[PDB]
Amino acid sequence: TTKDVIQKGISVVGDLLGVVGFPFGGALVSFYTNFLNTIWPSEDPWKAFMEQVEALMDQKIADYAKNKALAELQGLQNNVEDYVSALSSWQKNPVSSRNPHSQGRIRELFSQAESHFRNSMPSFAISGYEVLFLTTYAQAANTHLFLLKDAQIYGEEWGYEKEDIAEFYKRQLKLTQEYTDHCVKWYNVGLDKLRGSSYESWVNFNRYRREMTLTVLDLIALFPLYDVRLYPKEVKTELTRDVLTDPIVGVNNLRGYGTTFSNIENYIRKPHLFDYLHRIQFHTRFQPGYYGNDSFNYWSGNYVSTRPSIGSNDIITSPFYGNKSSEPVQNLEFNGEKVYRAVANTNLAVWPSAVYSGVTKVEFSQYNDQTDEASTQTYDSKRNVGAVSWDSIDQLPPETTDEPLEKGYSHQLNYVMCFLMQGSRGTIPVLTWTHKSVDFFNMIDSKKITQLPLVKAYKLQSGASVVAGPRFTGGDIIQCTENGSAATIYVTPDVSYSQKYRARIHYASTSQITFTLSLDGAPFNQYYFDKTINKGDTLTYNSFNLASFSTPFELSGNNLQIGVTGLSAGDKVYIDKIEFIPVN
């Protein structure tokens, strides 16, 4: 259910990934037309976003608050549409028809929309309804900020005063911090409100977490890239966070046999360096039916193997999950294949005073980006398979319904974990996914500013570790507590000639520090960096700083190592991303 808003959410993020940083005029206008058709066509989408959280929270917005919100949104729609039509004409029209008279038309259409946004935002954050208005606020906030950056692109062309463009920029910086912080604060409020002890509690908790990730968290992660002054070129970036699909179960009500909240939540994958699905070992067991005729085999447990990020080849194999096989083991390999879909069959046997159900068949759809072709691999219990009851596409829709699935999908399989039901009445499989934007090769683009998340490293050292991200960076981060090396990340240059680059680092630190960069073991850059937080502070938007290294360099190697020094006992440094700026 609610796949509609989930698709809109996934699509917007997918489209924005193409116009992030300083976009080319034609691309910007193209985006805007889809944007209007997706998010700003009528009040239906906004109403659906409200109902979405109401469904997750099992609460409703007071009708008065709901009606006003919808009213503001209708007005904002007109402002956005009037603005886009005009912007479209401006881009299309040559630098000749641009007379003082048309400049003032676009200038006031823009000022109106921007102003209307600041006036309306409070309506999507009324006391007591903050969490329920979250996806609506997120989408409105996004629009407001995306709109704002246009003033830095076309400001002078439109004939705005130097003072005006500057006021708009400072306003953009203030709002990027506020909107981001607002979303994370209430996201967490909602998350905690759903924590329970039962299996049913965890499904709700995790569904909220996944849906808020796709519609809110992924979105706010892009906000900083709207700063066309800091990002004067197109930006190549990726979202590294995990999302778990709903558990695969054959029955709607488990009558208390579902795995407990803590036995699921405490065992799912913890903050880890990025990796890829490599192999799966299926274990099968026989489930007898009370009358023999109604028996079936089912997936009882599993092993999972993943390969690390580029630069390392040693395969990581998971502990055993679930119950050992009573039947012959099945192994599926994925070497390089991208699993973009998983469809499952489940079956049930009704006993006098018990019901037994399990996953009997799983069909995986894979795409080989090397040999540009799709195919399927499947697990079959072999005895009484039943019907399909679970489709990943329902939870993780494609970015585009235009292209074929192997091209338009939004996520790929990263992990499989089997949980045991209470009193071991069965097995509950849980699947973890990662975003399609993740570049396996860690490729440094020669024309764009490339953002490289530290979790893409293949090797951590000196006691460095992966820590939960602050919810606004698109993924997890690296925590450094000691002086010395920290991480080694493998890099793939996209060109052959001696292209030069400048490096920038997005970090947080409790003290003044020194970052050192090495290529294949040789230092090439070392610089001093400011303290951004106090010991014990929680990480909010302003905790992070983005600072450049002085000197330019060439990528005469592949193994980039980041080292830190200047730490004292109790000092901590958090590293989010390293950026590469193509320089002449």
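Start at 1 with the first residue shown and count on from there.
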369-377 versus 68-76 - greater average Cα B-factor per the deposited record: 369-377
Given the B-factors recorded for C-alpha atoms, which segment has the greater mean, 49-57 or 36-44? 36-44
Which is it among 246, 494, 114, 178: the one with the largest CA B-factor in the entry? 494
Which of these, 13, 19, 569, 575, has its C-alpha atom at the highest B-factor, as the entry lists it? 569
Would you mind ranking residue 92 by its C-alpha B-factor against the rest of the chain and naming the third, lowest, middle or highest? highest
For residue 542, the third of its chain by CA B-factor is the lowest
Lowest, middle or highest third: which one holds residue 195 when the chain's residues are ordered by CA B-factor from the entry? middle
Which third of the chain does residue 548 land in by C-alpha B-factor: lowest, middle or highest? lowest
Using the B-factor values recorded in the entry, state whether the Cα atom of residue 398 falls in the lowest, middle or highest third among the modelled residues of its chain. middle
